[PDB]
Amino acid sequence: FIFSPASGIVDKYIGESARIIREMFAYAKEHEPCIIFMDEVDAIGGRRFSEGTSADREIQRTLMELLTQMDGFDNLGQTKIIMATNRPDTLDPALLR
Amino acid sequence: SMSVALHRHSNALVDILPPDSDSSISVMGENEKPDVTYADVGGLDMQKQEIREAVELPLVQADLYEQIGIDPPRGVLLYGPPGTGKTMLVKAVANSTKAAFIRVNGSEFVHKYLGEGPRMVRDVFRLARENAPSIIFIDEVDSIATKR
Ligand SMILES: Nc1ncnc2c1ncn2[C@@H]1O[C@H](COP(=O)(O)OP(=O)(O)OP(=O)(O)O)[C@@H](O)[C@H]1O
Ligand SMILES: [Mg+2]
């Protein structure tokens, strides 16, 4: 049981923030069955923007990875994700999907 | 532009490496390709025909494009709302062509060290050229192609 605040995986450093997230699933696969639990995914699952600042555009780089990590050509065996949110309305349409 | 080996204490090109070495990426499909054929996809028959003529057809019959004298389709862009099966339609051609098919995300090309993003961009092209004809798929290219 991986317990993960969604707002402590974002660093200052440039795409370290995405490096952590890929590892998190790669750990999971290797300890399978495993569960990834993300609390408050308004943080990095926010709306699309792309008229924000540098800070918000950073969020796009980590979100875009996490979306592909869940479904790509890489399949998940018994890796299961429970996300929790206080509003499904301000989550990304691609995530919510 | 190719990888090459340098001697640490002087900076000199002391030998050369083949264009396969020095990539973080590799050609998958050895047994790592999905099972999703043309058959597995349901409809979108217009999108199928269109994308097969975009990607598959230039390779199998280059000769026809040259003959007729038409510009072959180069880069492919797939737009449409999320949840339409964009990625799945490309899954199909990854099995079907039986050429090289690379794999790559847009976050493979961002990195912690600076200017080590560009060095990957050069790597994926060089690898594609060697084991050509090749298809490179950048899954989500959103973060590279930002407009601001
Ligand atoms: N025509 C279809 N027949 C059968 N399954 C389909 C079809 N279209 C879509 N699906 C299903 O929807 C899934 C999600 O599609 P896919 O990941 O290819 O989407 P996308 O539109 O490229 O979005 P995202 O950017 O969120 O990945 C597929 O893996 C598949 O199960
Ligand atoms: Mg996506």
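The count begins at 1 with the first shown residue.
So this one's electron microscopy, 4.1 Å, going by the header.
Every residue gets a Cβ built from N, Cα and C, even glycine.
In Swiss-Prot this protein carries:
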type: BINDING; residues: B:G80, B:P81, B:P82, B:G83, B:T84, B:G85, B:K86, B:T87; note: ATP binding site
type: CROSSLNK; residues: B:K147; note: ubiquitin cross-link
* Counting other Cβ atoms within 10 Å, pick out the least crowded of the binding-site residues B:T84, B:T87. => B:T84
* **Integer Cα-Cα distance in angstrom, B:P82 (ATP binding site) to the residue listed as 'ubiquitin cross-link'** => 20
* **Neighbour count (Cβ, 10 Å) for B:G85 (ATP binding site)** => 16
* Structure fact -> Those binding-site residues out of B:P82, B:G83, B:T84, B:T87 that pass a Cβ cut-off of under 8 Å to chain A are B:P82, B:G83, B:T87
* Whole-number Å value for how far B:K147 (ubiquitin cross-link) lies from B:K86 (ATP binding site) (Cα to Cα) -> 22
* Asked: Given the binding-site residues B:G80, B:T84, B:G85, B:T87, which lie close to the residue listed as 'ubiquitin cross-link', meaning Cα to Cα within 10 A?
  -> none
* Kindly assign B:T87 (ATP binding site) to one of the three DSSP-derived states: helix, strand or coil. => helix
* Around B:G80 (ATP binding site), which residues of its chain at least 6 apart sit with Cβ under 8 Å of its Cβ? -> B:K86
* To do: Could you tally the C-beta atoms, other than its own, that fall within 10 angstroms of the C-beta of B:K86 (ATP binding site)?
  => 17
* Starting from the Cβ of B:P82 (ATP binding site), draw a 10 Å sphere and report how many other Cβ atoms land inside it. => 12
